[PDB]
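S.K.: The structure under discussion is supplied below as structure tokens; questions concerning it will follow.
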Amino acid sequence: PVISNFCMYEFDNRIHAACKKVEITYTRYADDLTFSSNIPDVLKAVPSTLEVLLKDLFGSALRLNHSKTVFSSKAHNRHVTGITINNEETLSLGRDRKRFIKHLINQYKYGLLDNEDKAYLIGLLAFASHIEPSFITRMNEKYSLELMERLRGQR
Amino acid sequence: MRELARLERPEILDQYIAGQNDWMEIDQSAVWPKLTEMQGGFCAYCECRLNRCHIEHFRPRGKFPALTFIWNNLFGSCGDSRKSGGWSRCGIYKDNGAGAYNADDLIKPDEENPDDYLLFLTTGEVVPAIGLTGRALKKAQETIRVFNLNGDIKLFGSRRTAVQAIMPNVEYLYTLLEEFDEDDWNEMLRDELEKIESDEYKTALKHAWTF
Amino acid sequence: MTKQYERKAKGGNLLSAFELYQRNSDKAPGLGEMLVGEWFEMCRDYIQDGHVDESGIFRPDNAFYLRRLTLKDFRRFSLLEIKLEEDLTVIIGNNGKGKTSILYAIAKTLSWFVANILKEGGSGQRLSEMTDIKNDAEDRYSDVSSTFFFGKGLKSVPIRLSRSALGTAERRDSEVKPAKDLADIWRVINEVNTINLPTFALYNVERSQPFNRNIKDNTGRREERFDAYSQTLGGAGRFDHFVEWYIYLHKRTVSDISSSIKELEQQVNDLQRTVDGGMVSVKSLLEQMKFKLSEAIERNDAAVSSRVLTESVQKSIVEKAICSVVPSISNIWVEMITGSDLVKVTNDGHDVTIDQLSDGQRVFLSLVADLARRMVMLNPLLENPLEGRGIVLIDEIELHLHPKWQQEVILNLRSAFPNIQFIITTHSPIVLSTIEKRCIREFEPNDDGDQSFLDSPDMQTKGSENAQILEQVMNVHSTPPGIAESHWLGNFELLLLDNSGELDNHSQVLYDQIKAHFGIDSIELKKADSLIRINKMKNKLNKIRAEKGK
Amino acid sequence: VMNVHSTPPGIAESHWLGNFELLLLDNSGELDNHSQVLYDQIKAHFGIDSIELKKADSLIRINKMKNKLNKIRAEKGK
RNA sequence: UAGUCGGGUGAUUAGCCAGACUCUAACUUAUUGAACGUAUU
Ligand SMILES: Nc1ncnc2c1ncn2[C@@H]1O[C@H](COP(=O)(O)OP(=O)(O)O)[C@@H](O)[C@H]1O
Numbered sequence: 157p158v159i160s161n162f163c164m165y166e167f168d169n170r171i172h173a174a175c176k177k178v179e180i181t182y183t184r185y186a187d188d189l190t191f192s193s194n195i196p197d198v199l200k201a202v203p204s205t206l207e208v209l210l211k212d213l214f215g216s217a218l219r220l221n222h223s224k225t226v227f228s229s230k231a232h233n234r235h236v237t238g239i240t241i242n243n244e245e246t247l248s249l250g251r252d253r254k255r256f257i258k259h260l261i262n263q264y265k266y267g268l269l270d271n272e273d274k275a276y277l278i279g280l281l282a283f284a285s286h287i288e289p290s291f292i293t294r295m296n297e298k299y300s301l302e303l304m305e306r307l308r309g310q311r
Numbered sequence: 001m002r003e004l005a006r007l008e009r010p011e012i013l014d015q016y017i018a019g020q021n022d023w024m025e026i027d028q029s030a031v032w033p034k035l036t037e038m039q040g041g042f043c044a045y046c047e048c049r050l051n052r053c054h055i056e057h058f059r060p061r062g063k064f065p066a067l068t069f070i071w072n073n074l075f076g077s078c079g080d081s082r083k084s085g086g087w088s089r090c091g092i093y094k095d096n097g098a099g100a101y102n103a104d105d106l107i108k109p110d111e112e113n114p115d116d117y118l119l120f121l122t123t124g125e126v127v128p129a130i131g132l133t134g135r136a137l138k139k140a141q142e143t144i145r146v147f148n149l150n151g152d153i154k155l156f157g158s159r160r161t162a163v164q165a166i167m168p169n170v171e172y173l174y175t176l177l178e179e180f181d182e183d184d185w186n187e188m189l190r191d192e193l194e195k196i197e198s199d200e201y202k203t204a205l206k207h208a209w210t211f
Numbered sequence: 001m002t003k004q005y006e007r008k009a010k011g012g013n014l015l016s017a018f019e020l021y022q023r024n025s026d027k028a029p030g031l032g033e034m035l036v037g038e039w040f041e042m043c044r045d046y047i048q049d050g051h052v053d054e055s056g057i058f059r060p061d062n063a064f065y066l067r068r069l070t071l072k073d074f075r076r077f078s079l080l081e082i083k084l085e086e087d088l089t090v091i092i093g094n095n096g097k098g099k100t101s102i103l104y105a106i107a108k109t110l111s112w113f114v115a116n117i118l119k120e121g122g123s124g125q126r127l128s129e130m131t132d133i134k135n136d137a138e139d140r141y142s143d144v145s146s147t148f149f150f151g152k153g154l155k156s157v158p159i160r161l162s163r164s165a166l167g168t169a170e171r172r173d174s175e176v177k178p179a180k181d182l183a184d185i186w187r188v189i190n191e192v193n194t195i196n197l198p199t200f201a202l203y204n205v206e207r208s209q210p211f212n213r214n215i216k217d218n219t220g221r222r223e224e225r226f227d228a229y230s231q232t233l234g235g236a237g238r239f240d241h242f243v244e245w246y247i248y249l250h251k252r253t254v255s256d257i258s259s260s261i262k263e264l265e266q267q268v269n270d271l272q273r274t275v276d277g278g279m280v281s282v283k284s285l286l287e288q289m290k291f292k293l294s295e296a297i298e299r300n301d302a303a304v305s306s307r308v309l310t311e312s313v314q315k316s317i318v319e320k321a322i323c324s325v326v327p328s329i330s331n332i333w334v335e336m337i338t339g340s341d342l343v344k345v346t347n348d349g350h351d352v353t354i355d356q357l358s359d360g361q362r363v364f365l366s367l368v369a370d371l372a373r374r375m376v377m378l379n380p381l382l383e384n385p386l387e388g389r390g391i392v393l394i395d396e397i398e399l400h401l402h403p404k405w406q407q408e409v410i411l412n413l414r415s416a417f418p419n420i421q422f423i424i425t426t427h428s429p430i431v432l433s434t435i436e437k438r439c440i441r442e443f444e445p446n447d448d449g450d451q452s453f454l455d456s457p458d459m460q461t462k463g464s465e466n467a468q469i470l471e472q473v474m475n476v477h478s479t480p481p482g483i484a485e486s487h488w489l490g491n492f493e494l495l496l497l498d499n500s501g502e503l504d505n506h507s508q509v510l511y512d513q514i515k516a517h518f519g520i521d522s523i524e525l526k527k528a529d530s531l532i533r534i535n536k537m538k539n540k541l542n543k544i545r546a547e548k549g550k
Numbered sequence: 473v474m475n476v477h478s479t480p481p482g483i484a485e486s487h488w489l490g491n492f493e494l495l496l497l498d499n500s501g502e503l504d505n506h507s508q509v510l511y512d513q514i515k516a517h518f519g520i521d522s523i524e525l526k527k528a529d530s531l532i533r534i535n536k537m538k539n540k541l542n543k544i545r546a547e548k549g550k
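Going line by line, the protein sequences match chains B, J, D and C. Quick note: to get the entry's author numbering, add 156 to the position in the first sequence (first position is 1). In terms of the entry's author numbering, the second sequence has 16 at position 16, counting the first letter as 1, and numbering is strictly consecutive. In terms of the entry's author numbering, the third sequence has 115 at position 115, counting the first letter as 1, and numbering is strictly consecutive. Quick note: to get the entry's author numbering, add 472 to the position in the fourth sequence (first position is 1).
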């Protein structure tokens, strides 16, 4: 991981410098170049810049995945490295995952959830609390506070 | 083309200085209303309807950088390189398609009336006016060639089919001169003329309606 | 693992459900019965679910179509992207723009699906290392990336075809595994329990070849179901295969006593409607056929019920499709008398054999018949097999078609096959007049291959004038520019406006030339005389106004 | 020459201009609700500056002027 | 109109209800490793 991060330091620096001028923010989770902006029709030229910079730096060793270049807007689904971005411009787990978690908690309510699924639900709830703290409050309201407290356990 | 009347210069242009500041630094949300209130969403050189439009410079900044942040050089033409395409009309073809042209050989709609340089026909093509000799005829020909007014089909065909859609109206108006009184016929012609401004091509219909 | 696959499969994912089904089936029979399991039923319901919409057409729950196509260094394209429509996509442009290349790439991509449906881990077609790679290039390799949609359970099926040029040390590989996985799902589910299979056909320029049924073609028993995938993406439909299959169907229909007593009973109860009125000469050798119907009673009493042949239904469906889509053809059948088997059609009320068709009625009939045969053979569980899903590639759909036929070919094809994704190229404004603007993907006239992500036109082509489509979409004059007679109206405009709007010697000469060439009733002379009338009285009114303006 | 209509007969949207012309001819010329809805859907389908919309506008212009001429003739005398 | 977002109800990954968005335009992915959250500690 650290070698991979260092080998892309110059690429990250040059891409960030180019993107800040055109009001584009750039992040990379070591394989996922994410570019976003509020200016329309500004992200069209980003892939060409990426290709020319990669050819300048790494030659033919590192290449973009052209089948993995996706344009998205508020008209469609928007998720970055697993976190859905809402039309309200806030982080979310996605409606489908939230309904799955709700079903898991409902199954735990009637005692139809086994130990493996219970541990999976506890891990998912911790991840949700990290990502969507308001979802925990909503589940506390919907499924009562005592049920949630017994599900997460006590120290 | 129309004779365009200038107005008070927007204050956002005086904020920046040519040379030190780049054209991309400004926001176009301040110059577009100023262009629109005098052009009414019609192409600075083509009377194109401004559905896909951009800010156009009469003198390109590559060879005339000193004419950057001046409202006199600013114009609203059709097309947009930002939205991509192969536009070959008004400003985009002026900058890219034509090439090797002289700035002073193009009529400016700001100070020069295009009516006495250009004539619009029933067939839909624009030709220099009758009697143009010397620099006027060459200037009109250069304007037509650079702006591709006689050229790309999307303009010639559209203008021709717009003009030919009003020819029955023109015939019916002018064929009843003896029936109507001079004042009544004149006011009816004025009514016909005053509400073709809502139409797309100003002068072609004006040339098909006026003497 | 089993838990994660169960969590994904119960949410609607098809790949996880198939993985669970396979891991159950290959295990001990305690959990594997090859079927009658939750996961197998989930997969087969996902494939087979559908509903009849308000118009009476079966609509599958999970449609199958191609979403995106990317061409990297392929032929003349440095990097191109397309956004294929769900129902109909039209690609237009000048000659040598890459429409045939796009169709060829799509067919090469679909070949892997076809091969892995027919044959486990089968090998499809590959890009040519001699012609397909761009001549200029920078890396001397080409990629063709495709993404397919198969419902919400399978939102993306990425398949990439890659090839490197001759004499290159580094060879690029193809990523065709997801297509193999999807076709494995189709094939395994179909063998366990019959399902409806997709249709993949390519109709390129290699169609319109002369003759039909050249050889006996010992090629694999056209009757069997998986013969519908044989040479399906070759470019030219196997019309000889269709003729052999049609004669097979006719033999099966007329050689069944149950399927012959029905027509015998109806044929007997037709002379009674005729011989009763008169014509005592149409009974001597026709009431003898009543004895045949009586003989059919002793030739029967083994079926009693049913007596609805599947082959007869297939024949009727194919005949109805052929008659509905092709405008000139009214009927089609097989004659056995004169004991070579031959197929006859009815063109404009005249019964003609299959070999005396023209080029344009035979090519279109070949396309329609081949497509109908493949749809019928691959969709046995549908009430209307032509409503099955699939992808069909047609190149130059207006081939050998009169402008009258071009006005209805798209509508007829879309009506006969409503669930097929049609990807079509054309050079005609007449066909475009029947197609929505959103379904057209155009090439910029000044393009050398560096353009990316094609766009739809601006002007709404559906219901528009053909001349307007030529002007704005085809980028072509409605009046030829190389003809001197085309500029005569403009020249008359100039020579009339020159003095005051009045005629003179040269203007009158030009008017006489226009009248003699175009004629009296021509719209050119009408425009010229309307122009003269307008200008003369404009000049009169101008003089009148100038009189009082002094 | 080829006996082919300019617009496709099998497309419903291709008959809207003729229907508008007939529905404006039978009426007094004013844009009633029946003509207004057809004009609105023509504008929505073909576009703001399509040839169909320009032709419809020209028909409106000529019908209005013809009505004005008829009114003038009626006002001239009885 | 689609498609998308997701607040609620729902023995609950389904169905429904309310609301909202629309650059030509998401397709939800990967461990035991790395980091993050959580639990023991
Ligand atoms: N390998 C290649 N490299 C570069 N240009 C190519 C290559 N193969 C074909 N071309 C060019 O690209 C075009 C291909 O034509 P084609 O795809 O059949 O288009 P269409 O169906 O529009 O006429 C032609 O102009 C041909 O010269």
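By construction, the Cβ of each residue, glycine as well, lies at the ideal position given by its N, Cα and C atoms.
(1) From the beta carbon of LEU541/C, is the nearest beta carbon of chain J less than 8 Å away?
(2) Beta-carbon of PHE42/J versus every beta-carbon of chain D: anything under 8 Å?
(3) Between the C-alpha atoms of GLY250/B and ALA282/B, what's the straight-line distance to the nearest angstrom?
(4) Are any of the Cβ atoms in chain J nearer than 8 Å to that of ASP197/B?
(5) Within 8 Å of any Cβ in chain J, is that where the Cβ of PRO385/D sits?
(6) Tell me which residues of the region 444 to 461 of chain D have at least one Cβ-Cβ distance to chain B shorter than 9 Å, keeping chain order.
(7) I'd like to know if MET1/J contacts chain D, where contact means its C-beta is closer than 8 Å to some C-beta of that chain.
(8) Ignore the nearest five residues each way along the sequence and tell me which others in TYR93/J's own chain have a CB closer than 6 Å to its CB.
(9) Note down, in chain order, each residue of its chain lying with its Cβ closer than 8 Å to the Cβ of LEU510/C, except the 5 sequence neighbours on either side.
(10) Restricting to runs no shorter than 4 residues, where is the alpha helix (DSSP H) found entirely within the region 211 to 276 of chain D?
(11) Enumerate, from N- to C-terminal direction, the unbroken beta strand (DSSP E) stretches of 3 or more residues contained entirely within the region 397 to 421 of chain D.
(12) Report yes or no: is there a C-beta of chain C within less than 8 Å of the C-beta of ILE166/J?
(13) By DSSP, does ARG6/J sit in helix, in strand, or in coil?
(14) Could you check the C-alpha separation between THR274/D and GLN288/D for me, to the nearest Å?
(15) Counting only beta-carbon separations shorter than 8 Å, does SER229/B have a partner in chain D?
(16) Mind checking whether the beta-carbon of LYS97/D lies closer than 7 Å to any heavy atom of ligand 2?
(17) DSSP on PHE64/D, reduced to helix/strand/coil?
(18) Would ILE534/C pass as an interface residue toward chain J - the criterion being a Cβ-Cβ separation below 8 Å?
(19) From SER507/D to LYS538/C, what does the alpha carbon distance come to, in whole angstroms?
(20) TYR276/B by DSSP, collapsed to three states: which one?
(21) Using the beta-carbon of each residue, which ones in chain D are nearer than 9 Å to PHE256/B?
(22) For chain B, is any of its Cβ atoms less than 8 Å away from the one on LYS538/D?
(23) Use the C-beta contact count for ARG294/B: other C-beta atoms within 10 angstroms, 16 or more gives buried, fewer gives exposed.
(24) Name, in chain order, the residues that DSSP records as bridge partners for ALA18/J.
(25) I need the DSSP call for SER81/J, collapsed to helix, strand or coil.
(26) Does any residue of chain D have a CB that is nearer than 8 Å to the CB of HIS235/B?
(27) Please report how far the alpha carbon of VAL476/D lies from the alpha carbon of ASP115/J, in whole angstroms.
(28) Taking Cβ-Cβ distances shorter than 9 Å, what residues in chain D pair up with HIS517/C?
(29) Span of the alpha helix (DSSP H) holding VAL226/B?
(30) Any idea what DSSP makes of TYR117/J, helix, strand or coil?
(31) Could you tell me whether the region 215 to 230 of chain D touches the region 100 to 111 of chain D, where touching means 3 or more Cβ pairs closer than 8 Å?
M.R.: Short version:
(1) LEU541/C counts as touching chain J.
(2) For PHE42/J, no Cβ of chain D is located within less than 8 Å of the residue's own Cβ.
(3) Straight across, the Cα-Cα distance linking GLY250/B with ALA282/B is about 16 Å.
(4) Chain J, which has a Cβ nearer than 8 Å to the Cβ of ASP197/B, makes this yes.
(5) No, no contact with chain J.
(6) Within the region 444 to 461 of chain D, the residues whose Cβ lies closer than 9 Å to some Cβ of chain B are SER452, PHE453, listed in chain order.
(7) So no, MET1/J is outside the interface.
(8) Within the same chain, and ignoring the five residues on either side of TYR93/J in sequence, the residues whose Cβ sits closer than 6 Å to its Cβ are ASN148.
(9) The beta carbon of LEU510/C is closer than 8 Å to those of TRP488, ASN491, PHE492, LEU495 in its chain, skipping five residues each way along the sequence.
(10) As far as the region 211 to 276 of chain D is concerned, its whole alpha helix (DSSP H) runs of at least 4 residues are 239 to 254, 257 to 275.
(11) Taking only runs of at least 3 residues, no beta strand (DSSP E) segment lies wholly in the region 397 to 421 of chain D.
(12) Interface with chain C (8 Å Cβ-Cβ cutoff): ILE166/J is included.
(13) Shown here, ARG6/J sits in coil according to DSSP, grouped into three states, outside any helix or strand.
(14) Those two C-alpha atoms are separated by around 15 Å.
(15) Closer than 8 Å: no.
(16) Ligands displayed in this structure: ligand 1; ligand 2 is not among them.
(17) Reduced to three states, the DSSP call for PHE64/D is strand.
(18) Yes, its Cβ sits closer than 8 Å to a Cβ of chain J.
(19) Cα to Cα, the separation comes out at about 33 Å.
(20) Three-state DSSP puts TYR276/B in a helix.
(21) Within 9 Å of the CB of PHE256/B, the CB atoms of chain D belong to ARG7, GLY11, in sequence order along the chain.
(22) By the rule that beta-carbons nearer than 8 Å mark a contact, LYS538/D does not touch chain B.
(23) Exposed, since its Cβ has fewer than 16 Cβ neighbours within 10 Å.
(24) Here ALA18/J is bridged, per DSSP, to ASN21/J.
(25) Looking at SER81/J - three-state DSSP - the assignment turns out to be coil, as it is neither helix nor strand.
(26) With 8 Å as the cut-off, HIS235/B does not count as an interface residue toward chain D.
(27) Looking at the two C-alpha atoms, the distance is approximately 29 Å.
(28) The contacting residues are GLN460, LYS462, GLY463.
(29) No alpha helix (DSSP H) holds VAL226/B; DSSP gives it neither H nor E.
(30) Three-state result, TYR117/J: coil.
(31) Counting Cβ pairs under 8 Å, fewer than three are found: no touch.
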